[PDB]
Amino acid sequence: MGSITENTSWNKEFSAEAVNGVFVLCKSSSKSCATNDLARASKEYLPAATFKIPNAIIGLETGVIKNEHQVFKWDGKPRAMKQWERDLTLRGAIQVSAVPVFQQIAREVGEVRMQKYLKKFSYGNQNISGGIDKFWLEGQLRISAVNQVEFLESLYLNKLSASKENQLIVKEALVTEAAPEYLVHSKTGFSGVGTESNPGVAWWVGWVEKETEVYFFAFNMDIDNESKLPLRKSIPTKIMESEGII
């Protein structure tokens, strides 16, 4: 992206909902971005499940994921959500955001390989200390909403340090909503409800392919109350509906 501008009027939705948060929306053809808050747009947060994006990419590249037709066989042990207690494809694993699958991918990737790809991808603060299967969840990895849109735009252009086919595979895995007139590729994130003072963070990042334009977006909010969670989709949607995008 080439420019960012602040549209304070985009705080209407956040205020309406009593939410501390940011939305960044960028247009590929002008390489220009808008946000409600420049400051929060550059603040860095645990990526949570948004990290499945780079992790899918590295697992593909390293051959820890064979190809897009890979089945992740459920062994039969209880998992944190009923949604995960089944065999899964990559898209499947991504869409039901199955943590144990990507924890296992992270473990086959390994500290060394994981660490390298994040430097090539310029992925946030690139800090994977705090457990190879835990670092994006409760460790010290941080990424900003601006850095998310930049990572995603590189993905969209196949300009990440991976094979073109592996980037394509992951973009298809990210398809979340399809219509004749638009295609949405997106991924949610939720680190937890936080603790004393210190709230968790919820994310929604992706892009919308519409007419011959592409809108990249990244949303995060502070969250202490798990019921406020759906706002990670409804607030960006409101802003993107306002803009006549979707």
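Just count from 1 along the sequence shown to find any residue number.
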### Task
Going by the average Cα B-factor in the PDB entry, point out whether 159 to 167 or 107 to 115 comes out higher.
107 to 115
### Task
Please work out which of 66 to 74 and 211 to 219 has the higher mean CA B-factor as recorded in the PDB entry.
66 to 74
### Task
Going by the CA temperature factor in the entry, name the top one among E196, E181, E61, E44.
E196
### Message
What third of the chain does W10 rank in for C-alpha temperature factor, lowest, middle or highest?
### Response
middle
### Summary
Quick tally, chain-level thirds of C-alpha B-factors: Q83 sits in the highest
#### Entry: CA B-factor ranking of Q140, expressed as a third of its chain
highest
### Among modelled residues of the same chain, the CA temperature factor third for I132
highest
### Query
Looking at the C-alpha B-factor of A16, is it in the lowest, middle or highest third of its chain?
highest
